[PDB]
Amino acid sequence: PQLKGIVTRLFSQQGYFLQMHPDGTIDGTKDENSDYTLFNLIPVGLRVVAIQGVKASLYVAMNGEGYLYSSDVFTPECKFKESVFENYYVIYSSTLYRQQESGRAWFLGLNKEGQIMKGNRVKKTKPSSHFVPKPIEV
């Protein structure tokens, strides 16, 4: 079950393209031409995907404390549910971890400076969680 994943860029409303360096570093960049902005969006469940850097060949993941990190081996921490906001922006949340009692989800997100935030600090109603998927077209 490694269904073909479409190659796409993920544009943050914050004004940056998500990117993954070969060493696993994940942040944002205004340079859309950089190959590190290309990701394989791989379907692994009903609107649940894996996000793999094409150049780095590493998966975006989130651990039990909310820290985003890069993983070579695929594990359940590499699974992100895809939801919609304003029927335009897409938000990616952990399928394993969330806030105790409230049930609030944890999301992939970038701050104004184009840097990654801790998953529990990223809110669905905040721009930090909002992304615009831009397929390069296959």
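All residue numbers are counted from 1 along the displayed sequence.
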Open item on the list: If you average the CA temperature factors as listed in the entry, which stretch comes out higher, 74 to 82 or 87 to 95?
Closed with: 87 to 95
- [ ] Pick between 29 to 37 and 50 to 58: the one whose mean CA B-factor in the entry is higher.
- [x] 29 to 37
Task: From 21, 118, 9, 123, residue of greatest CA B-factor - done: 21
TODO: Could you say whether, by C-alpha temperature factor, residue 100 belongs to the lowest, middle or highest third of its chain?
DONE: highest
